[PDB]
file protein.cif (mmCIF, C-alpha atoms)
data_my_file
loop_
_atom_site.group_PDB
_atom_site.id
_atom_site.type_symbol
_atom_site.label_atom_id
_atom_site.label_comp_id
_atom_site.auth_asym_id
_atom_site.auth_seq_id
_atom_site.Cartn_x
_atom_site.Cartn_y
_atom_site.Cartn_z
ATOM 1 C CA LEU A 489 -0.551 31.519 13.163
ATOM 2 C CA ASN A 490 -2.439 28.222 13.110
ATOM 3 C CA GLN A 491 -2.242 24.624 14.331
ATOM 4 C CA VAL A 492 -2.417 21.902 11.669
ATOM 5 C CA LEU A 493 -2.654 18.151 12.174
ATOM 6 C CA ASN A 494 -0.171 15.819 10.515
ATOM 7 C CA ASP A 495 -0.880 15.080 6.863
ATOM 8 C CA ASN A 496 -1.332 11.384 7.690
ATOM 9 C CA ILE A 497 -4.513 12.312 9.590
ATOM 10 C CA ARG A 498 -6.380 14.371 6.977
ATOM 11 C CA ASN A 499 -6.416 11.664 4.302
ATOM 12 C CA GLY A 500 -7.335 9.170 7.020
ATOM 13 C CA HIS A 501 -4.831 6.473 6.110
ATOM 14 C CA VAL A 502 -3.509 6.167 9.680
ATOM 15 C CA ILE A 503 -6.825 4.615 10.725
ATOM 16 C CA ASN A 504 -5.797 1.536 8.748
ATOM 17 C CA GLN A 505 -2.517 1.549 10.671
ATOM 18 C CA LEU A 506 -4.807 1.477 13.696
ATOM 19 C CA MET A 507 -7.074 -1.332 12.527
ATOM 20 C CA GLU A 508 -4.292 -3.746 11.574
ATOM 21 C CA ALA A 509 -2.961 -3.489 15.122
ATOM 22 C CA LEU A 510 -6.453 -4.099 16.485
ATOM 23 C CA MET A 511 -6.682 -7.077 14.139
ATOM 24 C CA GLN A 512 -3.560 -8.527 15.748
ATOM 25 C CA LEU A 513 -5.388 -8.155 19.065
ATOM 26 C CA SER A 514 -7.911 -10.701 17.755
ATOM 27 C CA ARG A 515 -5.266 -13.354 17.011
ATOM 28 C CA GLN A 516 -3.442 -13.913 20.307
ATOM 29 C CA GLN A 517 -4.831 -16.554 22.652
ATOM 30 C CA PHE A 518 -5.245 -14.182 25.636
ATOM 31 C CA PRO A 519 -3.555 -16.446 28.213
ATOM 32 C CA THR A 520 -4.158 -16.023 31.943
ATOM 33 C CA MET A 521 -7.763 -14.998 31.285
ATOM 34 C CA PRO A 522 -11.135 -16.790 31.295
ATOM 35 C CA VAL A 523 -12.884 -17.531 28.029
ATOM 36 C CA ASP A 524 -15.806 -15.172 28.692
ATOM 37 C CA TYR A 525 -13.573 -12.113 29.110
ATOM 38 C CA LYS A 526 -11.898 -12.901 25.789
ATOM 39 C CA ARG A 527 -15.322 -13.383 24.209
ATOM 40 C CA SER A 528 -16.539 -9.988 25.427
ATOM 41 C CA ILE A 529 -13.381 -8.194 24.295
ATOM 42 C CA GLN A 530 -13.574 -9.884 20.891
ATOM 43 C CA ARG A 531 -17.221 -8.834 20.601
ATOM 44 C CA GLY A 532 -16.307 -5.226 21.348
ATOM 45 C CA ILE A 533 -13.371 -5.121 18.954
ATOM 46 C CA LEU A 534 -15.460 -6.799 16.232
ATOM 47 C CA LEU A 535 -18.291 -4.296 16.665
ATOM 48 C CA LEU A 536 -15.778 -1.465 16.345
ATOM 49 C CA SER A 537 -14.052 -3.190 13.411
ATOM 50 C CA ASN A 538 -17.120 -3.805 11.247
ATOM 51 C CA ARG A 539 -17.662 -0.021 11.198
ATOM 52 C CA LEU A 540 -14.243 0.723 9.664
ATOM 53 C CA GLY A 541 -15.658 2.680 6.733
ATOM 54 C CA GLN A 542 -17.847 4.779 9.012
ATOM 55 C CA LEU A 543 -14.814 5.656 11.131
ATOM 56 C CA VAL A 544 -12.754 6.524 8.047
ATOM 57 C CA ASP A 545 -15.473 8.812 6.711
ATOM 58 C CA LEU A 546 -15.974 10.431 10.115
ATOM 59 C CA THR A 547 -12.251 11.103 10.530
ATOM 60 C CA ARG A 548 -11.903 12.566 7.037
ATOM 61 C CA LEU A 549 -14.974 14.731 7.636
ATOM 62 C CA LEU A 550 -13.549 15.930 10.952
ATOM 63 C CA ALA A 551 -10.219 16.809 9.347
ATOM 64 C CA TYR A 552 -11.791 18.748 6.480
ATOM 65 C CA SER A 553 -14.282 20.555 8.717
ATOM 66 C CA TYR A 554 -11.566 21.545 11.177
ATOM 67 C CA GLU A 555 -9.268 22.836 8.442
ATOM 68 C CA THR A 556 -11.974 24.831 6.665
ATOM 69 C CA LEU A 557 -13.388 26.354 9.855
ATOM 70 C CA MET A 558 -10.036 27.080 11.520
ATOM 71 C CA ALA A 559 -8.881 28.823 8.346
ATOM 72 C CA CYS A 560 -11.418 31.553 9.244
ATOM 73 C CA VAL A 561 -9.728 32.990 12.359
ATOM 74 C CA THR A 562 -7.458 36.037 12.359
ATOM 75 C CA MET A 563 -5.815 36.025 15.805
ATOM 76 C CA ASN A 564 -2.704 34.184 16.941
ATOM 77 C CA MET A 565 -3.320 30.904 18.750
ATOM 78 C CA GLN A 566 -1.140 29.051 21.239
ATOM 79 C CA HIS A 567 -1.268 25.571 22.758
ATOM 80 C CA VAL A 568 -1.254 26.400 26.466
ATOM 81 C CA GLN A 569 -3.458 24.631 28.993
ATOM 82 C CA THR A 570 -5.774 27.001 30.853
ATOM 83 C CA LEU A 571 -7.490 26.828 34.228
ATOM 84 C CA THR A 572 -11.097 26.015 33.340
ATOM 85 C CA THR A 573 -11.301 22.589 31.702
ATOM 86 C CA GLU A 574 -14.065 21.221 29.491
ATOM 87 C CA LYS A 575 -16.061 18.217 30.686
ATOM 88 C CA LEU A 576 -16.749 15.460 28.151
ATOM 89 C CA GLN A 577 -17.885 11.887 28.771
ATOM 90 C CA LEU A 578 -16.857 9.100 26.411
ATOM 91 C CA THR A 579 -20.332 7.568 26.062
ATOM 92 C CA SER A 580 -21.203 10.349 23.629
ATOM 93 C CA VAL A 581 -18.058 9.493 21.663
ATOM 94 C CA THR A 582 -19.118 5.844 21.511
ATOM 95 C CA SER A 583 -22.564 6.917 20.310
ATOM 96 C CA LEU A 584 -21.018 9.096 17.601
ATOM 97 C CA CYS A 585 -18.714 6.312 16.423
ATOM 98 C CA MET A 586 -21.606 3.824 16.327
ATOM 99 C CA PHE B 440 -9.337 -15.298 6.538
ATOM 100 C CA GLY B 441 -8.993 -12.415 9.001
ATOM 101 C CA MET B 442 -7.606 -9.809 6.606
ATOM 102 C CA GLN B 443 -8.205 -6.083 6.972
ATOM 103 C CA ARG B 444 -11.717 -5.198 5.851
ATOM 104 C CA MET B 445 -11.949 -3.299 2.569
ATOM 105 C CA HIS B 446 -13.371 0.215 2.211
ATOM 106 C CA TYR B 447 -14.894 0.197 -1.282
ATOM 107 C CA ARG B 448 -15.728 3.792 -2.174
ATOM 108 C CA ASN B 449 -19.189 4.205 -3.679
ATOM 109 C CA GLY B 450 -18.431 5.239 -7.250
ATOM 110 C CA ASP B 451 -15.242 3.555 -8.393
ATOM 111 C CA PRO B 452 -15.420 1.840 -11.806
ATOM 112 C CA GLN B 453 -14.102 -1.312 -10.142
ATOM 113 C CA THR B 454 -16.516 -3.575 -8.294
ATOM 114 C CA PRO B 455 -16.072 -4.943 -4.752
ATOM 115 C CA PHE B 456 -15.971 -8.490 -6.112
ATOM 116 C CA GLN B 457 -13.203 -7.526 -8.546
ATOM 117 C CA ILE B 458 -11.090 -6.122 -5.706
ATOM 118 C CA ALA B 459 -11.794 -9.232 -3.629
ATOM 119 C CA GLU B 460 -10.655 -11.386 -6.552
ATOM 120 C CA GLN B 461 -7.469 -9.332 -6.814
ATOM 121 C CA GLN B 462 -6.901 -9.623 -3.043
ATOM 122 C CA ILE B 463 -7.648 -13.080 -1.607
ATOM 123 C CA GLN B 464 -5.381 -16.121 -1.986
ATOM 124 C CA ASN B 465 -7.540 -19.229 -1.541
ATOM 125 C CA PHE B 466 -8.467 -21.083 -4.701
ATOM 126 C CA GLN B 467 -12.152 -22.021 -4.776
ATOM 127 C CA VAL B 468 -13.551 -18.765 -3.383
ATOM 128 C CA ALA B 469 -11.442 -16.709 -5.790
ATOM 129 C CA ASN B 470 -12.543 -18.903 -8.701
ATOM 130 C CA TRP B 471 -16.214 -18.475 -7.805
ATOM 131 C CA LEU B 472 -15.839 -14.704 -7.428
ATOM 132 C CA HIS B 473 -14.044 -14.540 -10.773
ATOM 133 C CA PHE B 474 -16.908 -16.473 -12.347
ATOM 134 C CA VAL B 475 -19.510 -14.116 -10.911
ATOM 135 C CA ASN B 476 -17.533 -11.045 -12.007
ATOM 136 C CA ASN B 477 -17.277 -11.383 -15.795
ATOM 137 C CA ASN B 478 -20.320 -13.592 -16.419
ATOM 138 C CA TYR B 479 -21.999 -11.628 -19.218
ATOM 139 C CA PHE B 480 -24.793 -12.570 -21.584
ATOM 140 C CA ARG B 481 -24.169 -13.679 -25.161
ATOM 141 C CA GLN B 482 -26.031 -12.158 -28.099
ATOM 142 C CA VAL B 483 -27.275 -14.915 -30.412
ATOM 143 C CA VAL B 484 -29.377 -14.471 -33.554
ATOM 144 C CA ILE B 485 -31.898 -17.295 -33.989
ATOM 145 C CA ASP B 486 -34.625 -17.393 -36.654
ATOM 146 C CA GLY B 487 -34.332 -13.661 -37.323
ATOM 147 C CA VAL B 488 -34.964 -12.718 -33.676
ATOM 148 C CA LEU B 489 -32.248 -11.386 -31.381
ATOM 149 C CA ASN B 490 -32.130 -13.004 -27.944
ATOM 150 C CA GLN B 491 -30.077 -13.119 -24.743
ATOM 151 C CA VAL B 492 -28.805 -16.541 -23.649
ATOM 152 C CA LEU B 493 -27.042 -17.456 -20.418
ATOM 153 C CA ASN B 494 -23.708 -19.254 -20.479
ATOM 154 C CA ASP B 495 -23.930 -22.993 -21.077
ATOM 155 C CA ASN B 496 -22.379 -23.641 -17.653
ATOM 156 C CA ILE B 497 -25.572 -22.268 -16.070
ATOM 157 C CA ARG B 498 -28.245 -24.323 -17.855
ATOM 158 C CA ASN B 499 -26.862 -27.722 -16.845
ATOM 159 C CA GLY B 500 -26.336 -26.325 -13.348
ATOM 160 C CA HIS B 501 -22.791 -27.566 -12.827
ATOM 161 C CA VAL B 502 -21.500 -24.138 -11.745
ATOM 162 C CA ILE B 503 -23.511 -24.448 -8.528
ATOM 163 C CA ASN B 504 -21.026 -27.113 -7.447
ATOM 164 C CA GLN B 505 -18.235 -24.651 -8.228
ATOM 165 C CA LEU B 506 -20.144 -22.414 -5.829
ATOM 166 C CA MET B 507 -20.607 -24.958 -3.052
ATOM 167 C CA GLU B 508 -16.974 -26.078 -2.901
ATOM 168 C CA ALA B 509 -15.970 -22.470 -2.270
ATOM 169 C CA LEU B 510 -18.624 -22.196 0.434
ATOM 170 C CA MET B 511 -17.263 -25.432 1.883
ATOM 171 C CA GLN B 512 -13.841 -23.807 2.182
ATOM 172 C CA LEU B 513 -15.589 -21.048 4.137
ATOM 173 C CA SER B 514 -16.407 -23.682 6.775
ATOM 174 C CA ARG B 515 -12.766 -24.726 7.262
ATOM 175 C CA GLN B 516 -10.915 -21.529 8.187
ATOM 176 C CA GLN B 517 -10.712 -20.625 11.868
ATOM 177 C CA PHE B 518 -12.302 -17.159 11.458
ATOM 178 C CA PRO B 519 -9.673 -15.247 13.473
ATOM 179 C CA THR B 520 -10.403 -11.831 14.975
ATOM 180 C CA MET B 521 -14.013 -12.845 15.628
ATOM 181 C CA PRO B 522 -15.947 -14.194 18.631
ATOM 182 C CA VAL B 523 -17.054 -17.806 18.690
ATOM 183 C CA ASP B 524 -20.778 -16.999 18.530
ATOM 184 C CA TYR B 525 -20.476 -15.059 15.264
ATOM 185 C CA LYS B 526 -18.641 -18.001 13.703
ATOM 186 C CA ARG B 527 -21.308 -20.347 15.058
ATOM 187 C CA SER B 528 -24.121 -18.302 13.510
ATOM 188 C CA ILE B 529 -22.371 -18.020 10.143
ATOM 189 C CA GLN B 530 -21.656 -21.757 10.140
ATOM 190 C CA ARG B 531 -25.313 -22.436 10.946
ATOM 191 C CA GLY B 532 -26.422 -20.286 8.020
ATOM 192 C CA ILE B 533 -23.979 -21.798 5.548
ATOM 193 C CA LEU B 534 -24.884 -25.318 6.721
ATOM 194 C CA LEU B 535 -28.606 -24.650 6.310
ATOM 195 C CA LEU B 536 -27.947 -23.401 2.783
ATOM 196 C CA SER B 537 -25.578 -26.311 2.085
#
call {"tool": "encode", "arguments": {"input": "protein.cif", "output": "structure tokens"}}
result
Amino acid sequence: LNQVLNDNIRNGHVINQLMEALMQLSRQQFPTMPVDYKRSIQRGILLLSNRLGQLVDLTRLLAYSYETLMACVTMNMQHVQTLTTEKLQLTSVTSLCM
Amino acid sequence: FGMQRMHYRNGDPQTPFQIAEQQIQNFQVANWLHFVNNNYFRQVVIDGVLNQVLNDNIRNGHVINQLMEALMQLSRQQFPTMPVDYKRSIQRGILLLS
């Protein structure tokens, strides 16, 4: 028994369905907010946007690596939360994406 | 024009400029890209010696205008989904070249 992601994630097309939405986020006027906050948010979204190809390649690589590695286990697996939880900060994720 | 950024795989027979020509809608920029895509040399035999000659639109230098007009269009669009400073820097560069 194994856990497999949806087929829309392995070919990495859904990332485009992400980016388009993010692109809409760059069109609205951002009312009830100062100009500087909008400027900073636009800077962040643009920095993440210009690296679209890097994100696509990273996601496809992650999907393939997960499938190939996980196909090498021979004990049943279940999706049940356990007591001890893994700690992971998001700054490392930002570094990986950049 | 604020359209979703293209992910041109490294190795397709098509070129990024060809895809851009097949994608965008505005007139002058598409015309200039189309010119830069298929602009090939012409083989001409003169005095028993084979030579490579540029297209006649390049020697009189008129095509540069067909460049600049397109660049001028680049200074008119609002550059959505981008901060103001990035637009300012790009406009400065295009103005210095113009």
call {"tool": "closest_residue", "arguments": {"input": "protein.cif", "among": "A:508, A:555, A:524, A:574", "to": "chain B", "atoms": "all atoms listed in the file"}}
result
A:508
call {"tool": "closest_residue", "arguments": {"input": "protein.cif", "among": "A:559, A:534, A:503, A:581", "to": "chain B", "atoms": "only C-alpha atoms"}}
result
A:534
call {"tool": "residues_near_point", "arguments": {"input": "protein.cif", "point": "(-9.6, -6.1, 17.2)", "cutoff": "7 Å", "atoms": "all atoms listed in the file", "output": "JSON, numbers by chain"}}
result
{"A": [510, 511, 512, 513, 514, 530, 533, 534, 537], "B": [520]}
call {"tool": "interface_residues", "arguments": {"input": "protein.cif", "of": "chain B", "to": "chain A", "cutoff": "6 Å", "atoms": "all atoms listed in the file", "output": "mmCIF file with C-alpha atoms, in the frame of the given file"}}
result
data_model
loop_
_atom_site.group_PDB
_atom_site.id
_atom_site.type_symbol
_atom_site.label_atom_id
_atom_site.label_comp_id
_atom_site.auth_asym_id
_atom_site.auth_seq_id
_atom_site.Cartn_x
_atom_site.Cartn_y
_atom_site.Cartn_z
ATOM 1 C CA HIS B 446 -13.371 0.215 2.211
ATOM 2 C CA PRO B 519 -9.673 -15.247 13.473
ATOM 3 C CA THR B 520 -10.403 -11.831 14.975
ATOM 4 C CA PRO B 522 -15.947 -14.194 18.631
#
call {"tool": "atom_distance", "arguments": {"input": "protein.cif", "atom1": "CA of residue 443 (chain B)", "atom2": "CA of residue 464 (chain B)"}}
result
13.7 Å
call {"tool": "closest_residue", "arguments": {"input": "protein.cif", "among": "B:455, B:537, B:450, B:441", "to": "residue 506 (chain B)", "atoms": "all atoms listed in the file"}}
result
B:537
call {"tool": "atom_distance", "arguments": {"input": "protein.cif", "atom1": "CA of residue 503 (chain B)", "atom2": "CA of residue 454 (chain B)"}}
result
22.0 Å
call {"tool": "resolve_selection", "arguments": {"input": "protein.cif", "expression": "the PyMOL selection byres ((chain A and resi 497) around 12)", "output": "list in words"}}
result
residues 492, 493, 494, 495, 496, 498, 499, 500, 501, 502, 503, 504, 505, 506, 544, 545, 546, 547, 548, 549, 550, 551, 552, 554 and 555 of chain A
call {"tool": "resolve_selection", "arguments": {"input": "protein.cif", "expression": "the PyMOL selection byres ((chain B and resi 471) around 12)", "output": "NGL selection string"}}
result
:B and (456-457 or 459-460 or 463 or 465-470 or 472-478 or 502-512)
call {"tool": "resolve_selection", "arguments": {"input": "protein.cif", "expression": "the PyMOL selection byres ((chain A and resi 564) around 8)", "output": "list in words"}}
result
residues 489, 490, 562, 563, 565 and 566 of chain A
call {"tool": "closest_residue", "arguments": {"input": "protein.cif", "among": "B:484, B:493, B:534, B:445", "to": "residue 458 (chain B)", "atoms": "only C-alpha atoms"}}
result
B:445
call {"tool": "atom_distance", "arguments": {"input": "protein.cif", "atom1": "CA of residue 532 (chain B)", "atom2": "CA of residue 440 (chain B)"}}
result
17.9 Å
call {"tool": "closest_residue", "arguments": {"input": "protein.cif", "among": "B:523, B:535, B:513, B:492", "to": "residue 480 (chain B)", "atoms": "all atoms listed in the file"}}
result
B:492
call {"tool": "axis_aligned_box", "arguments": {"input": "protein.cif", "around": "region 477-483 of chain B", "padding_each_side": "4 Å", "output": "AutoDock Vina command-line options"}}
result
--center_x -22.3 --center_y -13.1 --center_z -23.1 --size_x 18.0 --size_y 11.5 --size_z 22.6
